[PDB]
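Residue-level listing of the chains:
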Amino acid sequence: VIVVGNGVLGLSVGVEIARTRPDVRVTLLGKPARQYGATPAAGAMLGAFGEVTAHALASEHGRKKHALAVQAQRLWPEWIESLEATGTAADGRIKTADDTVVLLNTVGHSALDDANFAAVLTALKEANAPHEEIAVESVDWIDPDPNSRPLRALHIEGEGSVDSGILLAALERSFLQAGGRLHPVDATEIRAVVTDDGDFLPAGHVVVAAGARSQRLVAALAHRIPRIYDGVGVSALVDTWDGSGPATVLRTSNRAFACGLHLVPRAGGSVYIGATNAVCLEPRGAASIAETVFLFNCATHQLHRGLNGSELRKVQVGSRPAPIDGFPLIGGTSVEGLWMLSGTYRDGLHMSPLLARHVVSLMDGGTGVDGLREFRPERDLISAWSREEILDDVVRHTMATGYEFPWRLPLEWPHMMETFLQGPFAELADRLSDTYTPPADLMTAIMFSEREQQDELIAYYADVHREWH
Amino acid sequence: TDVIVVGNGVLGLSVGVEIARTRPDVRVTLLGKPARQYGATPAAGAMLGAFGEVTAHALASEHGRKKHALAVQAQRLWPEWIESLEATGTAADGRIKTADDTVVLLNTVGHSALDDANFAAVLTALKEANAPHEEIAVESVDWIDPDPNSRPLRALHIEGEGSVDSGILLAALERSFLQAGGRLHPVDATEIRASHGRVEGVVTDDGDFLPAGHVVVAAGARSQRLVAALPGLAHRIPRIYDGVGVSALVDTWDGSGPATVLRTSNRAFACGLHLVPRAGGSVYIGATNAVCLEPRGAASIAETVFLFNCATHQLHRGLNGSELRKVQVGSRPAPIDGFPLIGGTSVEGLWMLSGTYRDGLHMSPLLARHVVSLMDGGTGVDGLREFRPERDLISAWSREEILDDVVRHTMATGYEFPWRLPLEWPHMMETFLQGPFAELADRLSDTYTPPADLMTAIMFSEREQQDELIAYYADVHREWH
Ligand SMILES: Cc1cc2nc3c(=O)[nH]c(=O)nc-3n(C[C@H](O)[C@H](O)[C@H](O)COP(=O)(O)OP(=O)(O)OC[C@H]3O[C@@H](n4cnc5c(N)ncnc54)[C@H](O)[C@@H]3O)c2cc1C
Ligand SMILES: Cc1cc2nc3c(=O)[nH]c(=O)nc-3n(C[C@H](O)[C@H](O)[C@H](O)COP(=O)(O)OP(=O)(O)OC[C@H]3O[C@@H](n4cnc5c(N)ncnc54)[C@H](O)[C@@H]3O)c2cc1C
Ligand SMILES: NCC(=O)N[C@@H]1[C@H](O)[C@@H](OC(N)=O)[C@@H](CO)O[C@H]1/N=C1\N[C@@H]2[C@H](O)CNC(=O)[C@H]2N1
Ligand SMILES: NCC(=O)N[C@@H]1[C@H](O)[C@@H](OC(N)=O)[C@@H](CO)O[C@H]1/N=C1\N[C@@H]2[C@H](O)CNC(=O)[C@H]2N1
Ligand SMILES: NCC(=O)N[C@@H]1[C@H](O)[C@@H](OC(N)=O)[C@@H](CO)O[C@H]1/N=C1\N[C@@H]2[C@H](O)CNC(=O)[C@H]2N1
């Protein structure tokens, strides 16, 4: 077995294959640099209820994803125990918090933040999950600017965070302990694996978990595996002024174009703050000025003014694998022995133990986890929303980038922008395809891409229609 | 991974048959004894009731118009469902279908405020749906020989609205379940075991433990009491009470029976008169309805006399000298908020199919297909999402609507007897009933109002049972507000 990719997904499936099949040789590819790597840039939140949006829970496909995230949560305590068991005290703790506080402030669009807070509250009630709406004065540690302060707060019990760096170290250690072999090179081509040093590695099973590069690698063998783009994410490590940190995750609901504000606790007087999100049609390995300023401005005003005078340790950049139809690519292929584990966008890390168990069950002739069949990697592009829903959503999210800044402008201007944004986005959607509509996150990226890149997408969408219809 | 269906009524067996047929990979085990204690299904005629079940009150609420629509959808599944159940048997097992058509009769042995309004609502709902029917001369209704003072003056022929022999249906479902690889284990579930928010399986009343990744509760009136023992769920699954129903099998004086179902519209506290044809010189007559806070396995004298008096006067005087074969008693699962409990739970693998009151049997093919679709990652049937088993109590009617309804239905118990009393007395009772029912509704909860059928049961229950309901309603408010 060859696993292509050394993120959380690759290493998680690697650990589970090595542990449950001691007969077979499992080799895992990928370099220590982890170029464009989502996992090392992640806090990371074990996001289930925190990830709930009104928009997600209005589509069948969105309610399934949520259900899987709830299932994944139950696996984490034993998964961590089994990964820490292969190490010692000095390797550090994977878990950094047990609980999450969701904050509602007015530094955003009412159409996102008010709707999403209500949807989180609802989803917690439906699932009988332990939680309570608490007084904002009872949230520990936070010291917001009064004009940016929360007026409502939601304590979610058993929704926590891991140190993504200690998790990766623990996965590598646990992989080696179970007989896995780490070969620090990149796959160049799947033969039905040729590595970038010129060598060839034979195998009867290849699992592609190469993050945002996963589809580009399998497509060479193009219109049957949905494209994966780079959801470029910026986060930061900060040494706090006094070495303190909050006891819980602190977060807002998901915001304009799947951005969001959160602070994940870390050991040793550090905190993680994140995270920006921009779908890019080509990969990008560096934060923009705008991304850095926006992340820092939100954290200092909405969470703790003490972060203003705190020391910047590191600006982190990773690529969320962003699937063109908005849903993951998990499981089997029309090619025997070819598996794919990618397109997890915001929550691959959270779902990793469940997704790893699913793919291993499939590889052993099982059915794995029930709800994951819809997310077969070899599929027609899913249409989880009407064109109408997506056009309302993309205009709302565009307006939200203003309210999240937050801007100050004449009161006539937001009404002007609302009406003048509708036409151009409606025109783009109609021009792109008669059948497929890109989700909002990707549609804004396409709107502000070159004409050549738009035309290439029109060809792609047309070639996919001919293949499947 | 193993499926356990808890309950051997029409709902349990129907979902059992559909799981076994569409998932040949998995082992499906169905629990429940041949005694079918408190069983609604074996006490049912049963009518495939869609238009016959229409009341003015039902078609005035959003929730009521949805239920009606589902009943119309369920009707279309029955011909192929019967074909597929009879296919697993032979000639000598007998026919599931006993009639194709229903005649709705309007007589004056009831309240004008129910029977006149409900006859008009049935006529309207048939017209709206473009359903085949006609208002016919009463002299053209075959077989009936009513007492002239109890006779109908209007009659409504509904085409393709018929009846099944509930006993032959149950035998055919059991046979069809075994044919599709189901296993029947004739014991009762005592306890559902769950840990870390997932079903492990079922402890049975013989002491054994059966493991499963899917448990479907279709235990009729016992369904909520079984799931409520799990953490938090006591105030998250709406209570189901016993709609105790009395019916009878009669061997007719001459071996004859009507070619159609004969029925009135639904009457005081969802209590109705009907005759369902049977093979071999027998007829089914039903059916009484009384919500009881504890289960009851035996007919009262009052229920027996009322059922027999209505049938002999309003349908056929020949039934008076006809032989009583059997008095039947079953519990219609009566949900506290008046709507079914169908679908998924906060516990993974735990499904519920119950609280169907008067029409679970009719809706069984549709409800079975819905739950199987949900179990296979589908969305099932559109309108049934509203009836999720894990919910705040639904408030489908204002307190005002329910207080008018409970007084009207109370008065209807008089006109349906039918009573003979001084003409001042009904006006006195109308005015003196309003205060006590208004007082009870206000005392019970600031937010929830029990539907009329349940409110009258609460009115005439013990003070301890009323206080327990005040606590229940309060605990449900704290859980969901
Ligand atoms: C800013 C940010 C914040 C995040 N926050 C969260 C969070 O709060 N909660 C959460 O659950 N998740 C979070 N995530 C991660 C999210 O869940 C991702 O979906 C997940 O990390 C994807 O993991 P992966 O293994 O698929 O990809 P990656 O983590 O990108 O790993 C793929 C690896 O493959 C390597 N690779 C590329 N090409 C090749 C090749 N040819 N051969 C071999 N290896 C190759 C890459 O270098 C990389 O190391 C965050 C990500 C970002 C960027
Ligand atoms: C008098 C009367 C007339 C009716 N007429 C009609 C009609 O004309 N048309 C119509 O559509 N419907 C009719 N119904 C029935 C109505 O449709 C019901 O809603 C329906 O039968 C309910 O079916 P069920 O399978 O949920 O419950 P039931 O038929 O009550 O079956 C539940 C079964 O589960 C068993 N059980 C209980 N506890 C356990 C346990 N722990 N483990 C295992 N098994 C257990 C019970 O003994 C019972 O056999 C009538 C009912 C009655 C009482
Ligand atoms: N251009 C220099 C300047 O503005 N000096 C400030 C000045 O002395 C007062 O501020 C105003 N506005 O007069 C003062 C009130 O606290 O804070 C100062 N600013 C600081 N001091 C902090 C420490 O060196 C450590 N960490 C930081 O980030 C520094 N920022
Ligand atoms: N949260 C996502 C978001 O705001 N997306 C923007 C969105 O698509 C349009 O702007 C609004 N406000 O709607 C659009 C107009 O050019 O610019 C987007 N922003 C960008 N694109 C840049 C490139 O990826 C590289 N460098 C950056 O710093 C990125 N910033
Ligand atoms: N207590 C004796 C009695 O009253 N006998 C009746 C009596 O001879 C006449 O009626 C009056 N009122 O004199 C007579 C007119 O038909 O009916 C008699 N009753 C009957 N015969 C029926 C058959 O046995 C079958 N099933 C019944 O229900 C029986 N009822």
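Residues numbered from 1 in each chain as written, not as in the entry; some residues may be left out. Chains lettered and ligands numbered in written order. Part of a larger assembly, values for the part shown. Heavy atoms only, no water. Residues with missing side-chain atoms left out of burial classes, pairs and counts.

- Structure determination for the deposited model, as stated in its record, used X-ray crystallography, and the stated resolution is 2.365 Å.

### Side note on the interface of chain A and chain B
- Contacts between chain A and chain B engage 11 residues on the former and 17 residues on the latter.
- Of the roughly 1100 Å² buried between chain A and chain B on both sides combined, carbon and sulfur atoms contribute 35%.
- Interface area lost by chain A to chain B is led by A:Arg74, A:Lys125 and A:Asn128, which between them contribute 46%.
- At the boundary of chain A and chain B, one finds 4 salt bridges.
- Here B:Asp376 ties to A:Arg373 by a salt bridge, and the two come within 3.8 Å at their closest N and O atoms.
- Connecting chain A to chain B are 7 residue pairs in polar contact.
- If you list the elements that add at least two residues to the side of chain A that touches chain B, you get helix 3 (60-84) and helix 4 (110-126) of chain A.
- If one sorts the elements of the side of chain A that touches chain B by residue count, helix 3 of chain A sits on top with 5 residues. (Contact = heavy atoms within 4.5 Å. Buried area = accessible area lost by both parts, 1.4 Å probe. Salt bridge = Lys/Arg side-chain N within 4 Å of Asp/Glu carboxyl O. Polar contact = N/O pair within 3.5 Å; in protein donor to acceptor, adjacent residues only side chain to side chain. Helix = DSSP H or I, 4+ residues; strand = E, 2+ residues; numbered from the N terminus.)

### Looking at the sheet that holds strand 9 (residues 189-195) of chain B
Residue and element names in this part refer to chain B.
- Here 3 strands make up an open sheet; going across it, the order is 9-10-11 and the pairing antiparallel. Only two strands of the sheet have a single partner each, and these edge strands are strand 9 and strand 11 (209-211). Put simply, the sheet's adjacent strands are angled 25° from each other on average, direction ignored.
- In terms of strand pairing, strand 10 (residues 198-204) meets strand 11 through 3 bridges, oriented antiparallel. Paired with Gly-201 across the bridge in strand 11 is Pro-211. (Pairing = 2+ DSSP bridges. Axes fitted to C-alpha atoms, helices over the stretch in contact; angles between N-to-C directions.)

### With respect to the packing of helix 9 (residues 387-403) of chain A against helix 10 (residues 412-432) of chain A
Residues and elements named next belong to chain A.
- One can describe the packing of helix 9 onto helix 10 by two numbers: an axis separation of 9 Å at closest approach and a directional angle of 140°. Classified by the angle their axes make, helix 9 and helix 10 are oblique. Judged by the twist between their axes, the crossing of helix 9 over helix 10 is right-handed. Judged by residue contacts, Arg-387, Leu-391, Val-394, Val-395, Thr-398, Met-399 and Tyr-403 of helix 9 engage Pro-414, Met-417, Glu-418, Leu-421, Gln-422, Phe-425, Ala-426, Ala-429 and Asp-430 from helix 10.
- Looking at side-chain class alone, the contact of helix 9 with helix 10 contains 11 nonpolar, 2 polar and 3 charged residues. (Parallel < 35°, antiparallel > 145°, perpendicular 65-115°, else oblique. Left-handed = near helix turned anticlockwise from the far one by under 90°. Nonpolar A, V, L, I, M, F, W, Y, C, P; charged D, E, K, R; others polar.)

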